[PDB]
Amino acid sequence: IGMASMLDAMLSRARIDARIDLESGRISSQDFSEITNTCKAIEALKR
Amino acid sequence: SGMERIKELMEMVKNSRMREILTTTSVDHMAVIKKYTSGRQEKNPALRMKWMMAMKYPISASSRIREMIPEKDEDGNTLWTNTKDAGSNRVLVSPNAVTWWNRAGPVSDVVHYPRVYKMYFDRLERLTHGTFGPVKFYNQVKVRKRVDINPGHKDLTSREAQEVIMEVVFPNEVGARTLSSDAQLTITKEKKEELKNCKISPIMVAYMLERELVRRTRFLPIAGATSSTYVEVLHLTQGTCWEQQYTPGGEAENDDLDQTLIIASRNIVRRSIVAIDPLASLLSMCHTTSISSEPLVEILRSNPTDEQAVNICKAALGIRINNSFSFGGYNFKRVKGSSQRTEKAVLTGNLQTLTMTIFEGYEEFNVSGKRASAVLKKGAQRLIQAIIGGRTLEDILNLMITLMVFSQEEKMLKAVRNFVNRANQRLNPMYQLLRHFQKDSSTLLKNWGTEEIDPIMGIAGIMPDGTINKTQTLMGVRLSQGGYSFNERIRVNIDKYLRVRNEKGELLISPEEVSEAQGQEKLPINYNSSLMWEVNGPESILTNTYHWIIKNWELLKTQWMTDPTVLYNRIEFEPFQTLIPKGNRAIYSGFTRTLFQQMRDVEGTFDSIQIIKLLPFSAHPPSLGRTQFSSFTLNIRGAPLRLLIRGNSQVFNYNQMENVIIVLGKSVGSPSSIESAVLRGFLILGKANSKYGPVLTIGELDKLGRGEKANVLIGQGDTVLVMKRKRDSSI
Amino acid sequence: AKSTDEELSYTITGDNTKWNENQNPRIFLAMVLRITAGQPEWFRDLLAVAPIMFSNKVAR
Amino acid sequence: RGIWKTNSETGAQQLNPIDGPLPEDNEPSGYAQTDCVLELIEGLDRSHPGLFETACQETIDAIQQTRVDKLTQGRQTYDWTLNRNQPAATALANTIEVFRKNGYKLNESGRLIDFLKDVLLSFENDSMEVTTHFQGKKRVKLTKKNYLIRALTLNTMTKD
Amino acid sequence: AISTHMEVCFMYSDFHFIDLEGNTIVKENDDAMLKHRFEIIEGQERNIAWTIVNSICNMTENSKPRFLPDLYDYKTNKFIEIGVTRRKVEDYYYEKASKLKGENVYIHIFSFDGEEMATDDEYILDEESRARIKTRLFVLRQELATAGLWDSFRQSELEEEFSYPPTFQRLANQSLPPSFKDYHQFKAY
RNA sequence: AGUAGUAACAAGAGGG
RNA sequence: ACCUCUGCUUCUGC
Ligand SMILES: CN1CN([C@@H]2O[C@H](COP(=O)(O)OP(=O)(O)OP(=O)(O)O)[C@@H](O)[C@H]2O)c2nc(N)[nH]c(=O)c21
Ligand SMILES: [Mg+2]
């Protein structure tokens with residue numbers, strides 16, 4: 001359920017998932033960078 | 001990780017169309033576009049598959065197949081192609097690719113399979129460890145009932161299963177609402193543990209968990225045990241003319257066992273009351289009966305069920321009883337007084353006639369419980385006052401409601417907001433009025449009232465709320481404390497007629513108090529008894545009795561002619577007596593024996609079909625009566641069937657064309673104008689006659705005289721010429 | 001059970017001819033309005049739509 | 001033997017047999033009588049106190065809860081945007097899309113009843129615009145009448 | 001109110017990070033070596049917001065709040081309600097500490113004057129950082145005031161509908177038994 | 001011709 | 001004369 005666009009929903013999921021991944025040990029910083037960065041590119045390309 | 005998915009997304013968003021779609025499609029609207037298709041549901045899949053399986057590449061597979069398996073196999077077969085399936089990026093492949101993968105593909109480990117697919121694997125386990133008895137051949141009515149079809153469920157609603165599955169498979173997507181129940185939480189823990197690291201598709205996990213957790217049912221013709229482990233193998237255990245005795249591997253629910261114990265005990269009690277020596281007969285049946293090959297005696301020794309029939313059996317066996325019954329999960333023990341069962345009609349708040357039993361009389365009740373207790377008082381549909389205690393206010397709540405329901409008051413009757421299921425089968429009234437007021441007290445509490453209780457610095461109060469109040473409460477409701485010696489099992493004695501008394505000689509239980517409800521056992525009962533038909537059930541009492549008469553007809557006929565009273569008293573007719581309403585047994589007997597004597601007296605008017613039909617009704621000390629009967633009532637599963645004295649009925653009819661007697665729709669084989677055994681003290685001569693005056697009812701033949709012939713609406717639209725006989729026949 | 005022993009009982013094995021071709025949208029409009037008597041007008045009008053559309057239908 | 005009228009909106013010839021003359025033979029007849037129907041329904045209400053009210057309250061609850069996507073369930077559906085049959089979901093998608101392009105989008109709520117609102121409001125449009133693929137793609141403007149006739153259309157086929 | 005509240009929220013977090021070791025820090029670059037101190041929850045669509053809440057609670061085994069908070073702090077591991085009010089920081093706090101009674105949420109009210117109020121008059125945010133918010137609020141109330149709109153703003157902080165539009169109404173009128181002139185007459189009958 | 005049976009198939013569509 | 005595509009997709013409801 002949601003009024004959010006499919007894209008905004010996916011971006012917010014990726015961000016939070018990458019954070020918990022990091023502060024659980026599952027993911028390194030040089031991934032967590034790559035994701036949050038990719039997210040911001042998508043963010044801008046959306047613009 | 002989440003590495004490659006975001007890269008993909010990045011990729012997609014570079015494309016303008018996809019970006020438009022992704023930016024202008026809400027999450028809600030995704031539901032629509034997800035099903036957007038040019039492909040239609042195949043209308044004839046059987047034909048289409050036969051056609052396509054002739055083709056080189058009928059299967060559609062993910063494009064990644066192309067990197068996962070060789071294009072050709074050792075034998076020269078092409079296994080995949082680059083042709084896109086219409087509407088996707090899947091590609092067209094050969095069935096040879098499926099076999100290839102199955103011989104030479106990536107091997108996975110399957111540790112989770114048994115756990116994810118437990119519902120299915122459990123079926124096999126129960127079969128692998130099942131035991132077969134022999135096959136018996138007989139005709140038995142299979143009555144269509146809603147039954148459970150999936151053993152090992154957790155009795156969750158679809159809401160609660162959803163909530164649990166969300167926590168197990170998709171915990172971060174749960175949203176606001178999290179799990180109330182401790183049942184939910186303990187299931188979640190277990191499943192989380194069993195299915196950790198699981199790499200099977202979460203679609204299959206969720207699908208399986210949902211199938212497994214929710215109780216599912218179905219309407220099926222079923223003659224025997226209705227438990228789900230039996231339903232599961234109905235195809236194997238039950239045929240049109242046969243039973244394959246069988247016991248599934250694994251343990252029964254305590255709930256199924258308890259339920260069956262009650263049914264067995266009631267059947268035994270009801271059969272025993274009609275014997276010359278009830279206690280002797282009950283003891284015999286107790287000592288031969290088994291449930292799933294467990295002796296009933298052992299079950300009765302070790303089972304805590306407190307129920308009237310169960311307690312009669314326990315008394316007979318020298319087992320100590322708790323003279324209590326359960327209602328809504330709480331044990332009730334009446335302290336003082338008593339009341340009366342009464343059948344009367346009740347307009348509920350739904351605006352509905354619903355005419356089940358009332359309790360009418362003074363009754364003090366001590367009520368134990370899980371975490372709660374109370375001192376309910378009850379008159380006639382009255383809550384004289386209920387003082388409730390417990391660990392939590394919560395535990396005082398459940399029981400609080402239960403007790404208002406139990407009261408039978410008009411304030412809960414006219415407060416509900418049907419009496420049957422959809423198949424129009426009657427349901428449990430004083431348990432469903434509980435279920436309703438369970439999840440919605442609202443109306444009840446604000447339609448119950450309140451009370452201004454004195455300062456008496458001890459007896460608190462509960463309001464039309466759940467709130468606690470100082471010197472107010474609900475109408476007759478209190479909150480105090482009190483309530484070990486409730487559970488103490490006492491030594492009792494029992495007389496020849498099943499009356500149970502304490503060591504001081506006080507009447508605790510009488511057979512007439514035993515519920516008349518004819519239930520269906522969840523587990524197989526074998527009486528192993530000469531006092532019970534081999535085939536269980538009321539319908540089978542009917543078919544078996546008539547089948548037995550017919551097959552023994554030569555003997556029984558000569559006994560009818562030479563030695564009637566021995567025939568009437570034969571033991572094979574006692575089960576059938578339990579189908580006849582208690583109050584009618586004697587008059588029905590009297591009527592029957594008189595008709596049989598008239599048949600003897602008026603020579604050449606023998607009729608074997610009439611004798612067979614009426615014979616079971618002879619088996620009770622007869623009483624004198626004036627009453628003429630056009631039918632006898634039998635009670636079959638709570639519903640009167642009427643067997644017509646004259647000719648065929650739905651219950652019992654002779655079919656000329658087949659030359660068979662049909663009883664509730666089952667063949668039980670086969671063996672002048674004057675009818676000697678239809679009216680007592682009259683003969684039917686033949687067709688009515690206008691030249692003998694107008695048409696009387698039966699109940700107006702009253703004042704005719706020897707030799708005097710009338711016209712009678714005798715039954716089923718017929719009018720016949722009768723004659724009041726000149727002599728009489730005595731019994 | 002509800003009958004007396006003196007009554008005849010017959011069963012019609014029954015089929016309706018031209019069911020689809022003889023039921024009428026206007027009649028179903030009446031049924032819906034009657035069934036929903038006393039209910040909120042928005043709901044009544046909502047349910048009445050289908051019958052009204054059927055009264056005004058055309059076939060390809 | 002009923003009454004003919006011309007529909008103001010579609011121009012359709014419309015036959016009304018209701019409260020018409022009573023059947024005169026055993027041939028199939030459509031001369032149903034409103035007052036007789038209402039008597040039967042009232043008789044049924046009497047025989048089932050509270051049934052209509054409850055069934056109505058359950059329907060109201062459903063109206064509130066039901067999502068647009070409920071309409072994705074179904075088989076072949078006449079698609080007025082194509083004047084052709086399509087799977088239900090595709091037909092739904094097409095209607096939603098053409099609606100929003102013509103300014104009807106209460107259904108963005110995601111609730112079915114808002115789509116129903118859109119449907120009725122769509123009939124006020126002077127000129128519903130759709131696109132054909134010429135025999136390529138091309139904008140077509142339907143007259144109010146064209147659109148209404150399509151909205152009220154049943155597609156027909158033979159039963160195999 | 002919605003734009004205002006959400007601006008404060010955004011200011012509260014933007015340009016605020018955590019190290020490789022893990023000490024609160026401020027920065028103007030806002031960049032792939034550090035990590036945001038705060039999760040911003042406000043502005044997210046409700047379902048997504050709850051997704052974020054749940055994800056965090058599952059990582060910490062923090063209990064889940066009854067209400068949707070505005071932020072979460074990865075340093076103090078608290079959820080945060082922001083408030084903005086024309087009336088009294090004094091009273092609007094205890095208005096919300098009510099709403100959130102039993103919860104475990106740092107509250108942080110801000111008035112348009114400047115003066116603020118947090119939990120246990122204890123601040124998890126720095127002075128420079130709160131300065132900006134307090135300032136921004138006043139400068140907004142200034143832009144509100146000289147626009148004519150502060151006096152307006154400082155005084156705020158259904159049955160289902162379904163009817164027939166004209167065409168469908170006309171169709172309804174023509175779907176009746178023959179004696180009736182219109183749908184409303186028929187419905188009354 | 002044949003299949004069929006109240007209307008169809010007995011190749012269709014597109015390019016050149 | 002060749003080339004290409006197609007074998008439920010202008011036609012299957014509740
Ligand atoms: C409402 N009840 C319940 N009850 C006793 O509790 C028993 C169990 O209640 P129930 O749920 O109706 O079960 P039961 O009657 O066994 O069901 P069935 O006979 O249909 O199988 C009843 O048979 C009855 O003896 C009561 N006993 C007394 N004295 N007064 C009451 O008001 C009530
Ligand atoms: Mg028909």
Side-chain angles (χ1 to χ4, degrees), chain B residues 33 35-60 78 81-95, chain C residues 15-29 31-32 35 46-60, chain D residues 30 55 59 62 66 68-95 97-98 112 115-116 119 130-134 136-138 140 142 146-147 149-160:
Chain B
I33 59 146
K35 286 158 178 182
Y36 181 98
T37 184
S38 40
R40 303 189 289 237
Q41 187 86 254
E42 182 55 63
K43 42 178 152 277
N44 193 339
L47 176 165
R48 206 67 55 230
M49 188 63 79
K50 277 166 166 55
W51 182 243
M52 284 189 299
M53 282 310 301
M55 292 167 192
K56 276 164 174 157
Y57 314 111
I59 300 170
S60 163
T78 299
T81 72
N82 299 293
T83 314
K84 282 194 196 174
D85 194 41
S88 82
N89 295 314
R90 295 185 139 241
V91 298
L92 295 193
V93 308
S94 166
Chain C
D15 175 283
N16 295 310
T17 187
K18 314 296 176 166
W19 186 247
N20 284 33
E21 295 109 305
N22 287 282
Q23 53 206 48
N24 193 276
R26 307 172 193 270
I27 290 300
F28 286 122
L29 178 56
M31 290 175 65
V32 163
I35 290 167
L46 174 59
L47 290 216
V49 168
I52 289 157
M53 289 182 173
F54 278 143
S55 188
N56 291 290
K57 69 197 176 295
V58 303
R60 279 272 148 201
Chain D
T59 312
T66 303
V68 175
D69 55 63
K70 188 53 161 166
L71 257 33
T72 64
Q73 309 172 8
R75 285 164 170 109
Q76 290 302 90
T77 294
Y78 172 78
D79 187 342
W80 66 273
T81 70
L82 292 175
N83 193 27
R84 250 65 184 159
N85 276 14
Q86 293 285 290
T90 311
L92 174 62
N94 289 346
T95 285
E97 185 206 357
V98 171
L112 217 206
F115 171 84
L116 297 185
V119 167
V130 305
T131 41
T132 305
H133 310 266
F134 29 31
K137 43 215 310 307
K138 163 169 46 59
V140 184
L142 302 181
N146 291 154
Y147 172 58
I149 286 161
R150 296 194 178 194
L152 292 168
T153 287
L154 310 167
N155 215 356
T156 70
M157 53 289 308
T158 142
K159 194 179 178 53
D160 288 324

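Per chain, numbering begins at 1; letters A, B, ... match sequence-line order.
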Does anything in residues 53-60 of chain C reach RNA chain G, meaning a heavy atom under 4.0 Å, and if so which residues? none
Which glycosidic conformation, syn or anti, is assigned to F:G12 if syn requires a torsion within 90° of zero? anti
Per the atom types in the model, does the base of G:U12 pair as donor or acceptor with the side chain of D:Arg75 at under 3.5 Å? no
Within this structure, what is the CG-to-P distance between D:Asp160 and G:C11, rounded to whole angstrom? 14 Å
Spacing between B:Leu92 atom CG and G:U6 atom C1', to the nearest angstrom: 14 Å
Considering only the [atom1] atoms, how many Å lie between [N] and [M], rounded to the nearest integer?
N: G:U10; M: G:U6; atom1: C1'; answer: 15 Å
N: G:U9; M: G:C5; atom1: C1'; answer: 15 Å
N: G:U12; M: F:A8; atom1: P; answer: 16 Å
N: G:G13; M: F:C9; atom1: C1'; answer: 26 Å
N: F:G5; M: F:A10; atom1: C1'; answer: 15 Å

With a non-hydrogen cut-off below 4.0 angstrom, is D:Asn83 in contact with a base, only sugar-phosphate, or nothing? nothing
For a quick check of understanding: with a heavy-atom distance under 4.0 Å over all strands, which category does D:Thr77 fall into, base, sugar-phosphate or nothing? nothing
May I ask you to evaluate whether [X] reaches the phosphate of [N], defined as a side-chain N or O under 4.0 Å from OP1 or OP2?
X: B:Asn44; N: G:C8; value: no
X: D:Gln76; N: G:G13; value: no
X: B:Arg40; N: G:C8; value: no

Please answer whether the main-chain N or O of C:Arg60 pairs with a side-chain N or O of D:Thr156 as donor and acceptor at a distance below 3.5 Å. yes
So does C:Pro51 get a backbone contact from the side chain of C:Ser55, meaning a donor-acceptor N/O pair under 3.5 Å? no
Given the cut-offs of 5.5 Å for six-ring centres and 30° for planes, are G:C11 and G:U12 stacked? no
Between D:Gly74 and D:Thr156, whichever has its closest RNA chain G nucleotide further toward 5' is D:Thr156
Is F:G12 paired with G:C11? Use Watson-Crick or G-U wobble and require both distances under 3.5 Å. no
